[PDB]
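Please read through the structure below; I'll follow up with questions.
Naming: A, B, ... by sequence-line order, numbering from 1 per chain. Every heavy atom of this structure was used, including side-chain atoms; hydrogens, water molecules and symmetry mates were not.
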Number of protein chains: 4
Amino acid sequence: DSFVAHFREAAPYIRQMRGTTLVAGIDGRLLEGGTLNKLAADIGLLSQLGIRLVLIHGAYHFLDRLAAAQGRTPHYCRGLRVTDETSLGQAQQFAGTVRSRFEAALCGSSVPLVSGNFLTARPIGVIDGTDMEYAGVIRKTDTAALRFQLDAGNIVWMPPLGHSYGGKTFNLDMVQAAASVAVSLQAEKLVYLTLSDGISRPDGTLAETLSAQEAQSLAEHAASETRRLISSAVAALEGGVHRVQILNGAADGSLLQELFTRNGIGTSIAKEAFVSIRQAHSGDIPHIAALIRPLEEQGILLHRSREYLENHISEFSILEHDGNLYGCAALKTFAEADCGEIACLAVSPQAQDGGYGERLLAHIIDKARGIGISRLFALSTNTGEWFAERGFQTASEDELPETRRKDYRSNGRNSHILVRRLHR
Amino acid sequence: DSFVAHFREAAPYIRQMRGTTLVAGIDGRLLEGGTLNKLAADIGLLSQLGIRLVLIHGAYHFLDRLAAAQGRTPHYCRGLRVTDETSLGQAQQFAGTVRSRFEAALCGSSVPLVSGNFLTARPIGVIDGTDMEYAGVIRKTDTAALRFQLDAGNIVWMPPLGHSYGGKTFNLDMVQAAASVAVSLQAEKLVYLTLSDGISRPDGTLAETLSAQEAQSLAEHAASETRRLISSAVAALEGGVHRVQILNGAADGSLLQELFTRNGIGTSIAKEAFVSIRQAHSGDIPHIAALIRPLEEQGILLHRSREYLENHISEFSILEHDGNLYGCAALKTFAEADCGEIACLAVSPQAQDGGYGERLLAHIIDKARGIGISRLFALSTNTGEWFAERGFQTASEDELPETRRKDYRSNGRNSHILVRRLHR
Amino acid sequence: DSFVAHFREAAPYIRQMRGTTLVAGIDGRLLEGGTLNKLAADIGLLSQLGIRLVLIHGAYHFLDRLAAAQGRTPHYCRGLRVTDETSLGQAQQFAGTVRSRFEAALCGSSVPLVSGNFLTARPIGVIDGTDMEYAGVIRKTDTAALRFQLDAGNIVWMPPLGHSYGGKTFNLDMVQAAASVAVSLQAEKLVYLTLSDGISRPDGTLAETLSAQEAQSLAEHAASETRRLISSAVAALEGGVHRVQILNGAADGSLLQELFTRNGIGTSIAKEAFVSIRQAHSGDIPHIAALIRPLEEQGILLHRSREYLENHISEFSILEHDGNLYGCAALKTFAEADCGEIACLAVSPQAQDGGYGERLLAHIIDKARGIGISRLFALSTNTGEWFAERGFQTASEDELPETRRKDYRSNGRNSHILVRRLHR
Amino acid sequence: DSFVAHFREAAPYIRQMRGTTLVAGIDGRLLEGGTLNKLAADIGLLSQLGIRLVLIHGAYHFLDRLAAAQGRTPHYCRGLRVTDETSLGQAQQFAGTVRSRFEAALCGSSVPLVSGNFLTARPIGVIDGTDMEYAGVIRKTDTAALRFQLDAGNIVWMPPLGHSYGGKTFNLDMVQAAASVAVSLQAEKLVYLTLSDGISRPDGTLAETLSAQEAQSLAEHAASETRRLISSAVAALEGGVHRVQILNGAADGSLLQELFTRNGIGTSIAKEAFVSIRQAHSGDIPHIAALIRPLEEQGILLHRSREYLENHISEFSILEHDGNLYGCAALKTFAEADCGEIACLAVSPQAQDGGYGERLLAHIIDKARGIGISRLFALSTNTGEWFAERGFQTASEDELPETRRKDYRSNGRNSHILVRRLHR
Ligand SMILES: CC(C)(COP(=O)(O)OP(=O)(O)OC[C@H]1O[C@@H](n2cnc3c(N)ncnc32)[C@H](O)[C@@H]1OP(=O)(O)O)[C@H](O)C(=O)NCCC(=O)NCCS
Ligand SMILES: CC(C)(COP(=O)(O)OP(=O)(O)OC[C@H]1O[C@@H](n2cnc3c(N)ncnc32)[C@H](O)[C@@H]1OP(=O)(O)O)[C@H](O)C(=O)NCCC(=O)NCCS
Ligand SMILES: CC(C)(COP(=O)(O)OP(=O)(O)OC[C@H]1O[C@@H](n2cnc3c(N)ncnc32)[C@H](O)[C@@H]1OP(=O)(O)O)[C@H](O)C(=O)NCCC(=O)NCCS
Ligand SMILES: CC(C)(COP(=O)(O)OP(=O)(O)OC[C@H]1O[C@@H](n2cnc3c(N)ncnc32)[C@H](O)[C@@H]1OP(=O)(O)O)[C@H](O)C(=O)NCCC(=O)NCCS
Ligand SMILES: CC(=O)N[C@@H](CCC(=O)O)C(=O)O
Ligand SMILES: CC(=O)N[C@@H](CCC(=O)O)C(=O)O
Ligand SMILES: CC(=O)N[C@@H](CCC(=O)O)C(=O)O
Ligand SMILES: CC(=O)N[C@@H](CCC(=O)O)C(=O)O
């Protein structure tokens, strides 16, 4: 495929990723092989594409490679590596040689790269009667300082080391350092660059996209390591991060291909914000009426009525928060078994603009589909593009279900008509 | 070829083009067909890639399309279209419908797009007894205002219309408006988006790259239109612009492919700054000595001598400005007919850092090559990377011409040795 | 009258209008005659006087002038002109020739003038079974971009055209575009430059100033056009704009004379914020007591008492929001039928500083006046200037009603005394 | 001595050192002992006192401590340590453990500390037939980036490592890295924190202050190490740095005591800018006349004359640049052998304000003193404070030498009279 076409494809993801903040937690194996030059390069490019970068690396696998081979053996607890004064000493060494090679590798393939005492750690203390010693976790993170450097366009490099006010240095767990740093920054995107093609489902297939929930539920049968990715990824999301990804950093160019294709090459994970949508029943009707009535008076909605509603209350859905009714949507059906209609779609003007409408539309389309409906219509007098923009084609009178074509004729409204093909 | 590989290729040109200013002069035919959506898109992307954009369009072909078809016939003079009060009136119309379609087309494929009274025109007046009437040329261009908008990241749109202080509006020639605007902005790059795959040489082949000189000399036998491109492109360059390009705007994605590949798809043109390099002769020697001597005292250069030089003054070149000697370089030869050496390469410390060294290196390599030399050596004690960076590989003692290997041994200097393969 | 005196008069309105934002909706007839040079000039001056300017123009009258004269006839619906693909095409033309003439006219009488894709439209869709086609209304307005340009001192020019995300361009109604833009900007002032000396009352007299309410009520018997001015002017105000004006843009210099004289030459309209003020009755007394008591303990208010109040509860007014009592004020009377006193004026410290005090003062003065009172006194120990500033002159003991002069003597407070002449 | 008095003493040096840039080159032994906490603390304080800090550390002594103890033995050349791929590897380790301890030590005694890829090195190459291998020197130093961080108030930390464009990392000599960095920054002050109480004179006494010249001349008989301090300190100065100091970083609190006392505790070094001052002779007189005459016409100088001057040309000095005469000053003597007068002090108005006047004053006072003069008078009608400010006390008529008191009386000028006691 041609250059121009690849470039024209990436264009939209470049748009999206621009001026946005991307926290990367990098396995330290990656900072060592031939795999490091590829990765620094891909990261220069990101910088070039106007993405704000914070980069954090781990040390566990290097330490052990030095441990097992010193005679000693590392214990982990809940995953967290007990770190003594000698391991801590090597982690300080490992960080200097890494930060320096990554620098060279980046300078060799004028991109400004900045490191900082942005972190204050406290020791994790004791877990299940075990002194973790120098194992830290982040107590404070100098957010203003960081934004300042990202504002200026510097790529931030962070080793897995914080300092405490007592003048002691602690060893930080990369995986949950990064996620903590992302939540501080409210970064749009946390990326973990592992040695694995993402997270696998119950049977060997790699999980392309997952809700925090699905992620959660894969964990019960998942391996230590991928279990802790999942929790930090879940916590990063609930903490405000928009999207956390898992890639194989060792696979050539994966970062690019993940960020700037319609496809990807790893797992990505997203949080399903709260919205209780359910089958309307007898009690909603006064609410729905109050919601519906203003609109049905402006001419934006067909005029309904207590009995209309009372007798079709089953074809309606409502969206609710805290007992409060914020929206509704109904599915009409027809003698044509393939057809359907989104009807009576309404969100309160107060609670508008946060994807409520969308959620009801989606919901209905799930329901139209569970009954073998494959074309969904939507007619509208002042709102057509909401649907044109969200996957509906223009249609004519002659295309409606026969009956709906009758009503349409003797409406007098001339609503615009649209449809959207639903998928099996 | 894979995505990642295309992207990894563009990466360097993205680096270069970033934060840089690109003035585009666009034929107005392009703002009309299906060719406009492609082009707006490609231009959104540029914006996305951090390039400062100023865009200017023409009107000549639209006017005439309206003229010939009104009964009237346009005269041009030296290429400049006499424009009456009615043509001027239509150009104002044409500009509003263009700026608005390009807007829609860009909004449809959140990129900020800004238009401005940045130009003050005066009428061209009379040429060869002919009143050009409303044909303007730019008298002043509000540069601070423009930088301000580019600083903020707006894409600047400019119609081919300026206003004069007497309250009159003039019609501007696109081709030399853009080049004028670029010189004001000192833009790095002026791009002309024509209906032609660039400029053709004496025999049908498209001229990939050209010096302003070669450009110049193609003009004597070239067609009106491409003659005026050439002059404005020459004037833009001498006026300070770094590089002017000519592409076919109608060819799909050409802009991208031009800017972000090692290849291209149009013509590009560059100015050969002034440097008089010539065969050293008897008179230079005191100069060369003064230049050479400090260095030959620090140990950076083999030690020469009046007679050494006097008897080999033919193997030397010198670089000179205003009778002043600013650098030198010599080509040694050997019993091996394929071999050569760059020797005695020196630029004054005052006049360093502007590509003087490079120019002498190049020069010598032209000369080594005109005598069938295909490997050029360079030995150096403190300056090796200058050559490693500029296309030389490391070598060993055992690889030198036999004689030079002798001298090398009984030097005691241990110079590093490098070579570079010259091309037929 | 002398220069200096005119200038010294304008000085205060210049103070007020400085650094303030003024959205102007301009009838497009104005952009055409000799009336355009005058108007551009007056608008340069505004810019010179440090006023932030956004200017938006209409197209309806031009379109029709082209329509009726093409054979075709425009339908309007609720005032909104159905606009086809050919009208939309001309509106794009009309905008380019206008923006360009206004530019020339402004450049001819160095004031920076900036145009922008600040608007995203959606089509109005269908009204009363009628496809409005390309008739848009503004869906989003890039407010940050606009403030940015106004911050820099540019005059913003806006044609009556937005674009939609589907890549289509819509025709915008000027009158309610401007008001929408003002509300976005929260501009202090929206000015509509019409062809009429403002809005006329029930009997031929031009309405100098009006509350949104009075405006509203003039509408029931008013003409289509002036009916829609009124609604957009009402909506702009409720939407947050401080003041909307209606002038005759064709009348020479009206804009100046409107903005910088104590008088004006058109209609102006202002919103009466919410304040329920009413006759105190038996139930308020505990509230009034709690409000009054702290103050009556600091020495700022004469000391009252349950019975005092109980027996004069008729001379009191209270101000209330949401059943909450936020202030009070009483009118005392005297054997002198011309006299009155503002007594017991108090607002809670929480709800202070928003013109509550003023509203009660006003209120009382309405009431003093409805009983033929023409001098209102106010005595005060620590608050005299509140009244000196708000239209009261200093007075002496010997000027009080005889009885109040008695009380004053044997007070011991030495309150300052002031008065204000009320008008028939 | 009391707190207040110490603080009131430091106040002036705090004034001077504020907002000023201080580059510190630190021996790496210092980053290790108990000596590190003291030093980080003193450096926090500096930061607190508004001084811009760049800090750079060495590695030579650590490397060798690892070398001698590995079996290997380091060669130095001209002082520069040949560094192989394994030493370079350890220097990367040493830098990470240092930067991290200094961090902890600073965090333990909220001061922001910033590290950066500010340096690009090239290898030193070959010296006297010896491959220095990975021994670098700085080729480019990102000055804008550095000022940016100092502007923001960050303390800059720099390890002794740069990177080259070929993707290789080099080992930098601390001593001449710092001085190079200072010259780039044009820092006011370069401080070298050694293990020695400054530089010793020919006989064991520590050299408090030295001109670059005196420094220079101490070097001929000085030890390798202190020889290279001297050259880098000389080059930093000629390169534009205002003042370079040498202290014992291991001595407790020396940095403070050096910077904020009238005394110090180490050596300091300063450059004697160019000014040729010499005994006036017959040829200067026309110059001196032209210089003198305007002034002698304004009344600022006693009126002289060709013969006056011709016959006393020995009591005059002149200051000259490039054969050009820019100033003059004369010493009068008296029957009182202790007395003297500065007479005829004049600098051209063009070349004023750069300490020329001062230099002539000094000069004369050297000359008055070499003839046993211990009081120097200066009389002046419009210039008294120049002398009051520069160490002269007010005097009366009755205090002048007897003869000068005569002239003074029958002048009519009433010059102010001042004196200054010169020291044996
Ligand atoms: C259309 C509606 C139901 C969407 O509800 P919502 O919860 O705001 O929906 P979402 O937040 O998912 O989408 C909001 C977005 O849709 C856009 N939208 C809202 N009204 C629009 C319209 N009439 N035309 C086009 N787009 C519109 C909003 O501008 C907003 O744009 P953005 O994505 O660039 O911010 C709307 O809120 C509503 O109730 N309008 C009046 C009732 C109506 O038209 N109902 C049925 C139509 S037949
Ligand atoms: C090498 C030299 C001749 C280049 O001359 P020049 O006119 O400055 O050459 P150019 O301007 O084309 O190239 C200058 C660039 O080369 C780089 N350069 C200069 N000396 C360098 C060196 N010793 N090592 C690596 N790069 C060096 C400069 O840093 C500058 O870097 P930049 O491209 O990132 O700005 C140099 O100026 C010189 O005379 N040095 C001393 C003499 C010497 O070494 N002569 C022969 C070497 S065997
Ligand atoms: C005087 C008072 C009743 C005004 O109430 P209010 O609702 O704040 O009145 P407004 O908001 O219309 O006017 C507020 C302004 O009046 C000014 N004002 C308030 N107290 C003032 C005083 N004692 N002297 C002068 N001006 C005063 C406020 O500073 C504010 O100034 P600004 O216009 O530059 O912002 C005041 O709030 C109050 O109750 N003070 C104590 C009670 C008292 O003095 N009552 C009667 C006086 S005899
Ligand atoms: C006084 C003079 C000789 C000093 O020469 P100079 O080379 O400028 O001396 P310096 O640069 O060392 O000192 C310059 C400073 O002295 C100050 N100075 C100059 N004239 C001054 C005066 N008349 N009163 C007080 N200070 C003065 C300048 O303002 C400048 O102030 P700064 O230290 O805050 O910048 C002056 O330049 C001069 O020639 N003035 C007229 C001739 C004259 O008065 N000669 C003899 C006086 S009896
Ligand atoms: C999608 C939607 O809510 N449609 C409106 C009908 C609009 C019309 O038919 O013209 C409804 O009443 O269901
Ligand atoms: C390229 C160059 O100028 N070389 C130096 C030689 C350096 C050496 O041989 O060690 C020259 O004298 O020609
Ligand atoms: C205006 C007002 O509220 N006055 C205070 C009286 C102040 C006085 O008389 O000194 C009042 O009690 O009515
Ligand atoms: C210091 C100096 O130059 N003095 C002036 C004299 C000023 C006076 O005596 O009043 C001089 O002629 O020497």
Quiz prompt | A:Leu206 CG to A:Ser200 OG distance, which is reported to the nearest 0.5 Å | solution =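 Here the interatomic distance stands at 6.0 Å.
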
Quiz item: chain B heavy atoms under 4.5 Å from A:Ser109: which part of the residue, side chain, backbone, both or neither?
Solution: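 Contact with chain B involves the backbone of A:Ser109 alone.
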
Quiz prompt | Identified ring pair (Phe, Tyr, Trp, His ring centres under 6.0 Å) partner of A:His57 from the options A:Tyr192, A:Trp157, A:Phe102 | solution =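 Checked A:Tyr192, A:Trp157, A:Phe102 against A:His57; only one passes ring pair (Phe, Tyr, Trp, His ring centres under 6.0 Å): A:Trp157.
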
Practice problem: Give the member of A:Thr261, A:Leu49, A:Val111, A:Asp42 that has the highest number of heavy-atom pairs under 4.5 Å with chain B. | Solution: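 So the answer, after comparing A:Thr261, A:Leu49, A:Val111, A:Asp42, is A:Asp42.
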
Quiz item: So, are B:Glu358 and B:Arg390 salt-bridged, with charged N and O less than 4.0 Å apart?
Solution: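 Salt bridge present between B:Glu358 and B:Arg390.
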
Self-check item: Largest heavy-atom contact set with chain B, pairs under 4.5 Å, which of A:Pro12, A:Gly253, A:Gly50, A:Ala10
Solution: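 Winner by heavy-atom pair count: A:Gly253.
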
Quiz item: Would you call B:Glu9 and B:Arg262 a salt bridge, taking side-chain N to carboxylate O under 4.0 Å as the test?
Solution: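 Here B:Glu9 pairs with B:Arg262 in a salt bridge, since their nearest N and O are under 4.0 Å apart.
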
Quiz item: How are the rings of B:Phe7 and A:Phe7 set to each other: parallel, tilted or perpendicular (split at 30° and 60°)?
Solution: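 Perpendicular: the ring planes of B:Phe7 and A:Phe7 meet at over 60°.
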
Practice problem: Heavy-atom distances under 4.5 Å only: say whether B:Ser2 touches chain A with side chain, backbone, both or neither. | Solution: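 Answer is backbone: N, CA, C or O of B:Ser2 sit under 4.5 Å from chain A.
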
Quiz item: Would A:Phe260 and B:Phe3 count as a ring-ring contact (aromatic ring centres under 6.0 Å, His included) if you check the C-alpha gap in whole Å, the side-chain angles of each, and the deciding distance to 0.1 Å?
Solution: CA-CA 9 Å; A:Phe260 303 115; B:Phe3 188 70; 7.5 Å; no

Practice problem: Check whether A:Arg18 gets within reach of chain B through its side chain, its backbone, both or neither, counting any heavy atom under 4.5 Å. | Solution: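 Contact with chain B is through the side chain of A:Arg18 alone.
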
Quiz item: Does any heavy atom of chain B fall under 4.5 Å from the side chain of A:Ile14, the backbone, both, or neither of them?
Solution: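 Contact with chain B: backbone and side chain both.
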
Quiz item: By a 4.5 Å heavy-atom criterion (distance strictly below it), what part of B:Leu45 contacts chain A: side chain, backbone, both, or neither?
Solution: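 Contact with chain A involves the side chain of B:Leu45 alone.
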
